[PDB]
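Structure file input_9.cif with mmCIF, C-alpha atoms and all ligand atoms:
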data_entry
#
loop_
_atom_site.label_atom_id
_atom_site.label_comp_id
_atom_site.auth_asym_id
_atom_site.auth_seq_id
_atom_site.Cartn_x
_atom_site.Cartn_y
_atom_site.Cartn_z
CA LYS A 153 22.60 18.95 29.52
CA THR A 154 18.92 19.89 29.62
CA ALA A 155 15.90 17.97 30.88
CA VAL A 156 12.13 18.34 30.86
CA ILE A 157 11.89 19.75 34.39
CA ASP A 158 8.41 19.84 35.90
CA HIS A 159 7.68 20.81 39.49
CA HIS A 160 3.97 19.92 39.66
CA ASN A 161 4.04 16.46 38.05
CA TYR A 162 7.14 14.70 39.38
CA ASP A 163 6.85 11.10 40.54
CA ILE A 164 7.78 10.09 44.08
CA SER A 165 10.70 8.05 42.69
CA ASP A 166 12.88 11.06 41.93
CA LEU A 167 16.40 12.18 42.78
CA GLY A 168 15.19 15.45 44.30
CA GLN A 169 15.71 17.27 40.99
CA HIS A 170 12.11 16.76 39.77
CA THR A 171 13.69 15.50 36.54
CA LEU A 172 11.30 12.56 36.31
CA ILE A 173 8.09 13.83 34.71
CA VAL A 174 4.73 12.06 34.89
CA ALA A 175 2.91 12.86 31.66
CA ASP A 176 -0.86 12.47 31.71
CA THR A 177 -2.84 10.65 29.03
CA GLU A 178 -4.87 13.78 28.26
CA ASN A 179 -2.26 15.72 26.27
CA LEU A 180 -1.73 13.02 23.65
CA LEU A 181 -2.29 13.10 19.89
CA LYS A 182 -5.81 11.58 19.90
CA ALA A 183 -5.45 9.50 16.74
CA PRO A 184 -6.15 5.79 17.31
CA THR A 185 -3.85 4.63 14.51
CA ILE A 186 -0.75 5.84 16.36
CA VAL A 187 -1.35 5.58 20.11
CA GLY A 188 -3.70 2.59 20.10
CA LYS A 189 -7.36 2.15 20.96
CA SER A 190 -7.36 1.46 24.70
CA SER A 191 -7.26 3.92 27.59
CA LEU A 192 -3.82 4.53 29.07
CA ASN A 193 -2.60 5.22 32.59
CA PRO A 194 -0.25 8.18 33.22
CA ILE A 195 3.17 7.54 31.69
CA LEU A 196 6.71 8.15 32.99
CA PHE A 197 9.37 10.18 31.19
CA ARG A 198 13.02 11.26 31.71
CA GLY A 199 14.44 13.02 28.66
CA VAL A 200 15.34 16.12 26.69
CA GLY A 201 12.53 18.37 25.52
CA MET A 202 12.33 19.16 21.81
CA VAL A 203 10.12 21.59 19.89
CA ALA A 204 8.62 21.60 16.40
CA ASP A 205 7.50 24.31 14.00
CA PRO A 206 3.82 25.26 14.43
CA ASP A 207 3.31 25.83 10.68
CA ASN A 208 4.98 22.55 9.71
CA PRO A 209 2.77 20.30 7.54
CA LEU A 210 4.69 17.05 7.93
CA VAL A 211 5.58 16.89 11.63
CA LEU A 212 3.38 15.29 14.29
CA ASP A 213 3.38 15.61 18.09
CA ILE A 214 2.61 12.27 19.71
CA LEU A 215 3.02 13.57 23.27
CA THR A 216 3.42 17.16 24.43
CA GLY A 217 4.47 18.22 27.91
CA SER A 218 2.28 19.46 30.71
CA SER A 219 1.11 23.04 31.33
CA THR A 220 3.91 24.05 33.72
CA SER A 221 6.87 22.00 32.46
CA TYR A 222 9.96 23.86 31.24
CA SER A 223 13.22 22.60 29.74
CA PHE A 224 16.41 24.16 31.13
CA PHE A 225 19.63 23.21 32.89
CA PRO A 226 18.75 21.81 36.34
CA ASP A 227 21.91 23.24 37.96
CA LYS A 228 22.18 26.73 36.43
CA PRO A 229 19.67 29.52 37.12
CA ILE A 230 17.37 30.65 34.32
CA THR A 231 18.94 33.61 32.51
CA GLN A 232 17.80 33.43 28.88
CA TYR A 233 14.34 32.51 27.70
CA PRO A 234 14.13 28.72 28.15
CA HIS A 235 13.62 26.58 25.08
CA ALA A 236 10.05 25.23 24.74
CA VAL A 237 8.78 26.65 28.01
CA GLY A 238 5.13 25.63 28.06
CA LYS A 239 2.75 23.12 26.50
CA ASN A 240 4.88 23.32 23.35
CA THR A 241 7.46 21.14 25.08
CA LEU A 242 7.45 17.98 22.97
CA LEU A 243 8.26 14.59 24.48
CA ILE A 244 7.44 12.17 21.63
CA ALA A 245 7.44 13.64 18.13
CA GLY A 246 6.90 11.88 14.82
CA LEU A 247 7.37 12.58 11.12
CA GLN A 248 5.53 11.17 8.10
CA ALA A 249 7.64 12.16 5.10
CA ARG A 250 6.61 12.56 1.45
CA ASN A 251 7.75 9.00 0.65
CA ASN A 252 5.74 7.77 3.67
CA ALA A 253 8.72 7.13 5.92
CA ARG A 254 7.74 6.93 9.58
CA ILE B 369 17.06 20.29 52.65
CA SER B 370 13.61 21.50 51.68
CA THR B 371 11.99 24.88 52.30
CA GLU B 372 8.46 26.29 52.39
CA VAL B 373 7.91 29.19 49.98
CA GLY B 374 5.74 32.16 50.90
CA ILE B 375 4.51 35.22 49.03
CA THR B 376 4.50 38.41 51.07
CA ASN B 377 3.51 41.54 49.11
CA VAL B 378 1.70 41.56 45.76
CA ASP B 379 0.57 44.82 44.11
CA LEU B 380 -1.83 44.83 41.16
CA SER B 381 -1.44 48.25 39.57
CA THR B 382 -3.14 49.88 36.60
CA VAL B 383 -0.69 52.56 35.48
CA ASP B 384 -1.88 55.22 33.03
CA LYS B 385 0.50 56.28 30.27
CA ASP B 386 -0.25 59.91 31.16
CA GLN B 387 1.83 61.38 33.98
CA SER B 388 -0.86 63.55 35.56
CA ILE B 389 -2.96 60.86 37.24
CA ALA B 390 -1.46 58.69 39.97
CA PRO B 391 -1.58 54.90 39.52
CA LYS B 392 -4.28 52.84 41.23
CA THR B 393 -2.88 49.89 43.20
CA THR B 394 -4.79 47.00 44.81
CA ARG B 395 -3.34 44.25 47.03
CA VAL B 396 -4.29 40.55 47.28
CA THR B 397 -3.18 37.40 49.12
CA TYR B 398 -1.67 34.11 47.93
CA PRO B 399 -4.78 31.85 47.81
CA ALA B 400 -7.20 34.50 46.54
CA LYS B 401 -8.97 35.81 43.45
CA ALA B 402 -8.90 39.54 42.77
CA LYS B 403 -12.33 41.19 42.81
CA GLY B 404 -13.29 42.47 39.38
CA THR B 405 -11.29 42.42 36.16
CA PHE B 406 -8.45 44.80 35.31
CA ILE B 407 -8.02 46.36 31.87
CA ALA B 408 -4.82 47.10 29.94
CA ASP B 409 -4.78 48.86 26.57
CA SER B 410 -2.94 51.59 24.66
CA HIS B 411 -4.08 54.13 27.24
CA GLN B 412 -3.46 52.00 30.35
CA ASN B 413 -0.64 49.56 31.11
CA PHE B 414 -0.67 46.73 33.64
CA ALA B 415 1.81 46.44 36.50
CA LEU B 416 2.44 43.74 39.10
CA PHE B 417 5.11 43.75 41.81
CA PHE B 418 5.65 40.83 44.19
CA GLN B 419 8.16 39.66 46.79
CA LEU B 420 8.88 36.07 47.88
CA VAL B 421 10.30 35.03 51.26
CA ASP B 422 10.85 31.81 53.20
CA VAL B 423 8.71 30.85 56.20
CA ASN B 424 11.76 31.18 58.49
CA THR B 425 14.31 33.98 57.91
CA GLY B 426 13.18 34.40 54.32
CA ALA B 427 16.12 36.50 53.15
CA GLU B 428 14.98 37.15 49.57
CA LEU B 429 14.62 33.51 48.44
CA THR B 430 14.69 33.16 44.64
CA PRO B 431 12.94 30.18 43.01
CA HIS B 432 14.43 28.52 39.95
CA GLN B 433 11.20 28.66 37.91
CA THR B 434 8.84 31.64 38.14
CA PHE B 435 6.71 31.98 35.00
CA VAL B 436 3.68 34.26 34.63
CA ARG B 437 1.28 32.60 32.20
CA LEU B 438 -1.85 34.15 30.69
CA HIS B 439 -4.47 31.64 29.52
CA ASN B 440 -7.07 32.78 26.98
CA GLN B 441 -10.28 30.95 27.86
CA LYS B 442 -12.01 31.74 24.57
CA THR B 443 -9.36 30.53 22.09
CA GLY B 444 -7.13 28.38 24.32
CA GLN B 445 -3.91 30.25 23.52
CA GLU B 446 -1.54 30.83 26.44
CA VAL B 447 1.58 32.99 26.79
CA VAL B 448 4.32 32.52 29.41
CA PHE B 449 6.59 35.33 30.64
CA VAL B 450 9.68 35.38 32.83
CA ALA B 451 9.97 37.29 36.11
CA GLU B 452 12.68 39.90 36.73
CA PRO B 453 14.14 40.16 40.26
CA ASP B 454 15.36 43.76 40.64
CA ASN B 455 18.21 44.39 43.09
CA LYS B 456 15.69 45.63 45.69
CA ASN B 457 14.59 41.96 46.04
CA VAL B 458 11.34 42.78 44.23
CA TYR B 459 10.14 40.65 41.34
CA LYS B 460 8.46 42.98 38.87
CA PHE B 461 6.29 42.61 35.77
CA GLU B 462 5.18 45.35 33.39
CA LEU B 463 2.53 44.61 30.77
CA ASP B 464 2.53 47.02 27.84
CA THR B 465 0.46 46.95 24.67
CA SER B 466 2.85 48.68 22.27
CA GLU B 467 6.00 47.09 23.72
CA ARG B 468 4.82 43.46 23.97
CA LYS B 469 2.62 43.43 20.85
CA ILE B 470 4.66 40.66 19.23
CA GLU B 471 4.40 38.18 22.12
CA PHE B 472 0.59 37.97 21.97
CA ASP B 473 0.87 38.33 18.15
CA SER B 474 -1.49 41.33 18.27
CA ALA B 475 -4.61 39.48 19.47
CA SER B 476 -7.33 41.04 21.63
CA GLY B 477 -9.13 38.88 24.19
CA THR B 478 -9.64 38.17 27.87
CA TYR B 479 -6.71 36.47 29.61
CA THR B 480 -6.28 34.89 33.04
CA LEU B 481 -3.04 35.63 34.91
CA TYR B 482 -1.81 32.37 36.46
CA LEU B 483 1.48 32.50 38.37
CA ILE B 484 3.73 29.41 38.37
CA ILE B 485 6.45 29.27 41.02
CA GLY B 486 8.41 26.49 42.69
CA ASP B 487 11.82 24.86 42.28
CA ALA B 488 13.97 21.90 43.33
CA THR B 489 14.15 23.02 46.97
CA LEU B 490 10.65 24.44 47.58
CA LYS B 491 7.98 22.32 49.25
CA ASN B 492 4.84 23.56 47.47
CA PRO B 493 4.43 24.25 43.71
CA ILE B 494 2.27 27.39 43.85
CA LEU B 495 -0.32 28.04 41.14
CA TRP B 496 -2.95 30.76 41.74
CA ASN B 497 -4.37 33.16 39.17
CA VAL B 498 -4.12 36.76 40.31
CA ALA B 499 -7.01 38.22 38.31
CA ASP B 500 -8.64 38.21 34.90
CA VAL B 501 -6.86 40.79 32.74
CA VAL B 502 -8.57 42.09 29.60
CA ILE B 503 -6.07 42.99 26.87
CA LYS B 504 -7.16 44.68 23.64
CA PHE B 505 -4.94 45.81 20.79
CA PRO B 506 -5.74 48.63 18.31
CA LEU B 519 -5.01 20.30 5.98
CA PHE B 520 -6.12 16.88 7.26
CA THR B 521 -9.80 17.67 6.58
CA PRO B 522 -12.13 17.28 3.58
CA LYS B 523 -12.32 20.34 1.35
CA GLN B 524 -15.39 22.26 0.20
CA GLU B 525 -17.44 20.55 -2.51
CA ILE B 526 -17.56 22.18 -5.95
CA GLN B 527 -20.22 21.74 -8.62
CA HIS B 528 -19.86 22.98 -12.19
CA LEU B 529 -22.10 25.79 -13.46
CA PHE B 530 -23.11 24.71 -16.95
CA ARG B 531 -23.87 27.04 -19.84
CA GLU B 532 -27.51 28.06 -19.92
CA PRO B 533 -29.32 26.66 -22.98
CA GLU B 534 -31.01 29.28 -25.12
CA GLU C 356 -10.99 16.12 -7.78
CA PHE C 357 -11.27 16.74 -11.53
CA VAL C 358 -8.59 19.36 -12.13
CA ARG C 359 -7.22 21.24 -15.13
CA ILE C 360 -5.12 23.83 -13.30
CA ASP C 361 -7.65 24.17 -10.46
CA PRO C 362 -10.48 21.80 -9.52
CA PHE C 363 -13.63 21.94 -11.62
CA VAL C 364 -15.55 19.19 -9.79
CA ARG C 365 -15.05 17.71 -6.32
CA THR C 366 -17.26 14.84 -5.20
CA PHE C 367 -17.42 12.24 -2.45
CA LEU C 368 -16.62 8.73 -3.61
CA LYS C 369 -19.22 6.17 -2.56
CA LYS C 370 -18.56 2.55 -1.68
CA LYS C 371 -20.06 -0.32 -3.66
CA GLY C 372 -18.78 -3.87 -3.92
CA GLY C 373 -15.22 -3.30 -2.80
CA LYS C 374 -14.55 -0.10 -4.73
CA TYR C 375 -15.21 3.60 -4.30
CA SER C 376 -16.98 4.66 -7.49
CA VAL C 377 -18.77 7.81 -8.60
CA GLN C 378 -20.51 8.77 -11.84
CA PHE C 379 -20.83 12.37 -12.97
CA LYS C 380 -20.79 14.69 -15.99
CA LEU C 381 -17.85 16.38 -17.67
CA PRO C 382 -17.86 20.20 -17.59
CA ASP C 383 -18.22 22.35 -20.69
CA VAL C 384 -14.55 23.39 -20.90
CA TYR C 385 -12.39 21.31 -23.22
CA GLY C 386 -8.75 20.53 -22.53
CA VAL C 387 -6.69 17.98 -20.64
CA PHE C 388 -8.23 17.16 -17.26
CA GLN C 389 -6.88 14.76 -14.68
CA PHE C 390 -8.39 13.00 -11.70
CA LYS C 391 -6.56 13.48 -8.41
CA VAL C 392 -7.62 11.19 -5.59
CA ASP C 393 -5.55 12.35 -2.62
CA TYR C 394 -6.31 10.79 0.75
CA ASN C 395 -4.33 12.37 3.57
CA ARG C 396 -5.24 11.70 7.20
CA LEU C 397 -3.70 11.99 10.65
CA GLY C 398 -1.94 8.65 11.06
CA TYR C 399 -2.77 6.98 7.75
CA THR C 400 -0.43 6.93 4.79
CA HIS C 401 -0.68 9.46 1.97
CA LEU C 402 -2.70 8.13 -0.97
CA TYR C 403 -2.33 9.87 -4.31
CA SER C 404 -3.54 8.67 -7.71
CA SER C 405 -3.84 11.00 -10.69
CA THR C 406 -4.87 9.85 -14.15
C1 LIG D 601 -5.33 31.56 -21.31
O1 LIG D 601 -4.42 31.17 -20.30
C2 LIG D 601 -4.75 31.72 -19.02
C3 LIG D 601 -3.65 31.30 -18.07
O2 LIG D 601 -3.90 30.03 -17.51
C4 LIG D 601 -6.13 31.23 -18.57
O3 LIG D 601 -6.49 31.94 -17.39
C5 LIG D 601 -6.85 31.38 -16.19
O4 LIG D 601 -8.26 31.19 -16.29
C6 LIG D 601 -8.84 30.56 -15.14
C7 LIG D 601 -10.30 30.35 -15.45
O5 LIG D 601 -10.72 31.15 -16.55
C8 LIG D 601 -8.60 31.42 -13.90
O6 LIG D 601 -9.11 30.76 -12.75
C9 LIG D 601 -10.01 31.46 -11.99
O7 LIG D 601 -9.80 32.70 -11.35
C10 LIG D 601 -11.01 33.31 -10.85
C11 LIG D 601 -10.64 34.67 -10.28
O8 LIG D 601 -9.38 34.56 -9.62
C12 LIG D 601 -9.31 34.71 -8.26
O9 LIG D 601 -8.07 34.21 -7.83
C13 LIG D 601 -7.82 34.25 -6.40
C14 LIG D 601 -8.60 33.11 -5.77
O10 LIG D 601 -7.91 31.90 -6.04
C15 LIG D 601 -7.09 31.53 -5.00
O11 LIG D 601 -7.77 30.61 -4.18
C16 LIG D 601 -7.02 30.06 -3.07
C17 LIG D 601 -6.99 31.10 -1.96
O12 LIG D 601 -5.78 30.95 -1.23
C18 LIG D 601 -5.61 29.62 -3.53
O13 LIG D 601 -5.31 28.35 -2.99
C19 LIG D 601 -5.56 29.56 -5.06
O14 LIG D 601 -4.30 29.04 -5.49
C20 LIG D 601 -5.83 30.93 -5.65
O15 LIG D 601 -4.67 31.71 -5.34
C21 LIG D 601 -8.19 35.63 -5.83
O16 LIG D 601 -7.14 36.07 -4.98
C22 LIG D 601 -8.40 36.64 -6.96
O17 LIG D 601 -8.68 37.93 -6.42
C23 LIG D 601 -9.52 36.18 -7.88
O18 LIG D 601 -10.72 36.36 -7.14
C24 LIG D 601 -11.65 32.37 -9.82
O19 LIG D 601 -12.88 32.92 -9.38
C25 LIG D 601 -11.89 30.99 -10.44
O20 LIG D 601 -12.46 30.10 -9.48
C26 LIG D 601 -13.63 29.52 -9.91
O21 LIG D 601 -13.28 28.44 -10.72
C27 LIG D 601 -12.55 27.38 -10.06
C28 LIG D 601 -12.35 26.31 -11.10
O22 LIG D 601 -12.70 26.87 -12.35
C29 LIG D 601 -13.33 26.87 -8.85
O23 LIG D 601 -12.53 25.96 -8.13
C30 LIG D 601 -13.70 28.05 -7.94
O24 LIG D 601 -14.44 27.59 -6.81
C31 LIG D 601 -14.47 29.10 -8.72
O25 LIG D 601 -15.67 28.45 -9.14
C32 LIG D 601 -16.72 29.22 -9.56
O26 LIG D 601 -17.04 29.03 -10.90
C33 LIG D 601 -17.31 27.67 -11.28
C34 LIG D 601 -17.59 27.67 -12.77
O27 LIG D 601 -17.18 28.93 -13.29
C35 LIG D 601 -18.49 27.15 -10.46
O28 LIG D 601 -18.69 25.78 -10.77
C36 LIG D 601 -18.21 27.31 -8.97
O29 LIG D 601 -19.32 26.87 -8.21
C37 LIG D 601 -17.83 28.74 -8.62
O30 LIG D 601 -19.03 29.51 -8.81
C38 LIG D 601 -19.13 30.51 -7.87
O31 LIG D 601 -18.73 31.75 -8.39
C39 LIG D 601 -19.48 32.21 -9.54
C40 LIG D 601 -18.89 33.54 -9.95
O32 LIG D 601 -17.73 33.30 -10.73
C41 LIG D 601 -20.97 32.30 -9.18
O33 LIG D 601 -21.71 32.65 -10.33
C42 LIG D 601 -21.46 30.95 -8.64
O34 LIG D 601 -22.83 31.03 -8.29
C43 LIG D 601 -20.60 30.50 -7.46
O35 LIG D 601 -20.85 31.45 -6.43
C44 LIG D 601 -10.59 30.44 -11.02
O36 LIG D 601 -9.72 30.25 -9.93
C45 LIG D 601 -7.12 31.70 -13.73
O37 LIG D 601 -6.91 32.61 -12.66
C46 LIG D 601 -6.54 32.29 -15.01
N1 LIG D 601 -5.11 32.50 -14.88
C47 LIG D 601 -4.49 33.61 -15.30
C48 LIG D 601 -3.01 33.67 -15.07
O38 LIG D 601 -5.10 34.53 -15.84
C49 LIG D 601 -7.18 31.48 -19.65
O39 LIG D 601 -8.39 30.82 -19.30
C50 LIG D 601 -6.70 30.98 -21.01
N2 LIG D 601 -7.65 31.32 -22.05
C51 LIG D 601 -8.70 30.55 -22.36
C52 LIG D 601 -9.58 31.06 -23.46
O40 LIG D 601 -8.93 29.50 -21.77
#
If you took the structure in this file and wrote it as structure tokens, what would it be?
Ligand SMILES: *[C@@H]1O[C@H](CO)[C@@H](O[C@@H]2O[C@H](CO)[C@@H](O[C@@H]3O[C@H](CO[C@H]4O[C@H](CO[C@H]5O[C@H](CO)[C@@H](O)[C@H](O)[C@@H]5O)[C@@H](O)[C@H](O)[C@@H]4O)[C@@H](O)[C@H](O[C@H]4O[C@H](CO)[C@@H](O)[C@H](O)[C@@H]4O[C@H]4O[C@H](CO)[C@@H](O)[C@H](O)[C@@H]4O[C@H]4O[C@H](CO)[C@@H](O)[C@H](O)[C@@H]4O)[C@@H]3O)[C@H](O)[C@H]2NC(C)=O)[C@H](O)[C@H]1NC(C)=O
Amino acid sequence: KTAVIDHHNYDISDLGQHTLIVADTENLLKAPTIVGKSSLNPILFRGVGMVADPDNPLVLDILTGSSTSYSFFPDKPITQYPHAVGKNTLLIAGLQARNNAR
Amino acid sequence: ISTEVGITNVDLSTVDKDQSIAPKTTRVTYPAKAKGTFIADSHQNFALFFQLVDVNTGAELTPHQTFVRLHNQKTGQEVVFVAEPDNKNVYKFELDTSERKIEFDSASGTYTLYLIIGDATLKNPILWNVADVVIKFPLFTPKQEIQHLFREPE
Amino acid sequence: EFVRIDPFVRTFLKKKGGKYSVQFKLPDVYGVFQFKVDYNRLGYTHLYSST
């Protein structure tokens, strides 16, 4: 039931929950093989925020969250430590296995 | 229905682990930068106490997200902490060196204390750094070239 | 990389014609040595050829 909630980067077209998150083109992977050569305008996102191991050799992070975005239940107050609270909130995350499976 | 958040009382304290000396406390406003830089180490701990109220009849309004994040300018690392609202309607934060060694992973450097606050019902997503706090504790790249060292001929 | 258990010689391959080719000398130690060409990059596939 969680969402990538961000209160500084929500688009105007929102339901009042700030669930829609406008991700900038700065925090991207910066590898032209994956995310293309051209320059991109800020993208739109509405999904569940995942996290990946820092000392993981295989995993990639195509698109991380912003600097203030946190992922927690939009209805319930924050009691525990929220999962992937900062810029380690992952939005798009890829894997390149040992058999080269994308 | 939306609301306008406001911060009323903020106290930047440098508490000394020793009982004998009284703590030194300095106050600052919402859109302001604290003069000077505070220090927190084994001998001295950091303390911040703040209260949040609404513009009209602000009876102890509690935002959904209130994270205190310290950004290290030199290395880029940042650490985010939660805020605890004691039953006196005072949000409090206590920065210790021995107690919170694991969070910062025992790394000494200068941090900036940004405060993130704002929720689904607040009008303005506040973000102002209180002061610079100095904290001090006690694969996909080519590898290095190797050349072979031959036996010296007699 | 020219490895036996650990690399003895590491050099940069240089392009000529359509192939990356390098010429060098074999170290003094005798044994069974193998060439590992491992190309790993961010986004590209993993290349690995050992003879
Ligand atoms: C019988 O069987 C035995 C079992 O196999 C054989 O024993 C083996 O023998 C080989 C070679 O004789 C040993 O390898 C060497 O160990 C040296 C000391 O070990 C260090 O090990 C740790 C460092 O290694 C770690 O490195 C990274 C770090 O994370 C890690 O990934 C890696 O896996 C490993 O854990 C360290 O912790 C220890 O404390 C020790 O310091 C080590 O110095 C040797 O490295 C040499 O050689 C290799 C390849 O030969 C090079 O890649 C290195 O860069 C380094 O190269 C130096 O020498 C080359 C030629 O000798 C030069 O071309 C290089 O430029 C470089 O020269 C510099 O250093 C010289 C001083 O030595 C200077 O004079 C130069 O000017 C340069 O400054 C190598 O790793 C095995 O450890 C050993 N295994 C066991 C189990 O004992 C035995 O040989 C068999 N018997 C016979 C007769 O063959």
Near-ligand residues for ligand LIG 601 (chain D), threshold 8 Å, only C-alpha atoms and all ligand atoms, as a list in words: residues 526, 527, 528, 529 and 530 of chain B; 358, 360, 361, 362, 363 and 364 of chain C
Check: which chain C residues lie within 9 Å of chain A using only C-alpha atoms, as a count of residues only: 5
Compile a residue-level contact table for chain B against chain A at a cut-off of 8 Å, reporting for every qualifying residue the shortest atom pair and its distance in Å to one decimal, with all atoms listed in the file counted, rows ordered by chain and ascending number, as JSON lines.
{"residue": "B:432", "atom": "CA", "partner": "A:229", "partner_atom": "CA", "distance": 6.0}
{"residue": "B:433", "atom": "CA", "partner": "A:230", "partner_atom": "CA", "distance": 7.4}
{"residue": "B:448", "atom": "CA", "partner": "A:238", "partner_atom": "CA", "distance": 7.1}
{"residue": "B:450", "atom": "CA", "partner": "A:233", "partner_atom": "CA", "distance": 7.5}
{"residue": "B:484", "atom": "CA", "partner": "A:220", "partner_atom": "CA", "distance": 7.1}
{"residue": "B:486", "atom": "CA", "partner": "A:159", "partner_atom": "CA", "distance": 6.6}
{"residue": "B:487", "atom": "CA", "partner": "A:159", "partner_atom": "CA", "distance": 6.4}
{"residue": "B:488", "atom": "CA", "partner": "A:169", "partner_atom": "CA", "distance": 5.5}
{"residue": "B:493", "atom": "CA", "partner": "A:160", "partner_atom": "CA", "distance": 5.9}
{"residue": "B:519", "atom": "CA", "partner": "A:209", "partner_atom": "CA", "distance": 7.9}
So that I have them on file, write out the residues from the current selection with C-alpha atoms, as an mmCIF file, in the coordinates of the input.
data_model
loop_
_atom_site.group_PDB
_atom_site.id
_atom_site.type_symbol
_atom_site.label_atom_id
_atom_site.label_comp_id
_atom_site.auth_asym_id
_atom_site.auth_seq_id
_atom_site.Cartn_x
_atom_site.Cartn_y
_atom_site.Cartn_z
ATOM 1 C CA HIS B 432 14.430 28.520 39.950
ATOM 2 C CA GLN B 433 11.200 28.660 37.910
ATOM 3 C CA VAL B 448 4.320 32.520 29.410
ATOM 4 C CA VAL B 450 9.680 35.380 32.830
ATOM 5 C CA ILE B 484 3.730 29.410 38.370
ATOM 6 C CA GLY B 486 8.410 26.490 42.690
ATOM 7 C CA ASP B 487 11.820 24.860 42.280
ATOM 8 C CA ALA B 488 13.970 21.900 43.330
ATOM 9 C CA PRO B 493 4.430 24.250 43.710
ATOM 10 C CA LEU B 519 -5.010 20.300 5.980
#
Residues near residue B:396, cut-off 8 Å, only C-alpha atoms, skip fewer than 2 positions along chain, as JSON, numbers by chain: {"B": [378, 379, 380, 394, 398, 400, 401, 402, 498]}
Draw an axis-aligned box over all listed atoms of stretch 360-364 of chain C, pad each side with 6 Å, and write its centre and edge lengths in Å, one decimal, as JSON.
{"center_x": -10.3, "center_y": 21.7, "center_z": -11.4, "size_x": 22.4, "size_y": 17.0, "size_z": 15.8}
Selection as number ranges by chain: residues within 10 Å of (8.9, 9.8, 30.2), counting all atoms listed in the file: A: 156, 171-175, 194-200, 215, 217, 243-244
For residue B:483, the nearest of the candidates B:406, B:505, B:496, B:461, counting all atoms listed in the file: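 Among the listed residues, B:496 lies closest to residue B:483.
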Point-to-point distance from atom CA of residue B:418 to atom CA of residue B:468, Å rounded to tenths: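 Distance reported for this atom pair: 20.4 Å.
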Atom CA of residue B:459 to atom CA of residue B:420, distance in Å rounded to a single decimal: 8.1 Å
Straight-line distance linking atom CA of residue B:465 with atom CA of residue B:497, stated in Å to one decimal: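 Taking atom CA of residue B:465 and atom CA of residue B:497, their separation equals 20.6 Å.
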Selection near residue B:472, 12 Å with all atoms listed in the file, sequence-local residues under 3 positions removed, as a PyMOL selection string: chain B and resi 437-440+445-449+463-469+475-479+503-505
Using all atoms listed in the file, determine which residues lie at most 10 Å from residue C:378, disregarding the query and same-chain residues fewer than 3 positions distant; provide the list as an mmCIF file with C-alpha atoms, in the coordinates of the input.
data_model
loop_
_atom_site.group_PDB
_atom_site.id
_atom_site.type_symbol
_atom_site.label_atom_id
_atom_site.label_comp_id
_atom_site.auth_asym_id
_atom_site.auth_seq_id
_atom_site.Cartn_x
_atom_site.Cartn_y
_atom_site.Cartn_z
ATOM 1 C CA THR C 366 -17.260 14.840 -5.200
ATOM 2 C CA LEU C 368 -16.620 8.730 -3.610
ATOM 3 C CA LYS C 369 -19.220 6.170 -2.560
ATOM 4 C CA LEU C 381 -17.850 16.380 -17.670
#
Radius query 6 Å about (17.8, 22.5, 30.3), atoms used: only C-alpha atoms, as number ranges by chain: A: 154-155, 223-225
Nearest-residue call for chain C, choices B:460, B:523, B:533, B:381, using only C-alpha atoms: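 Of all the options, B:523 lies closest to chain C.
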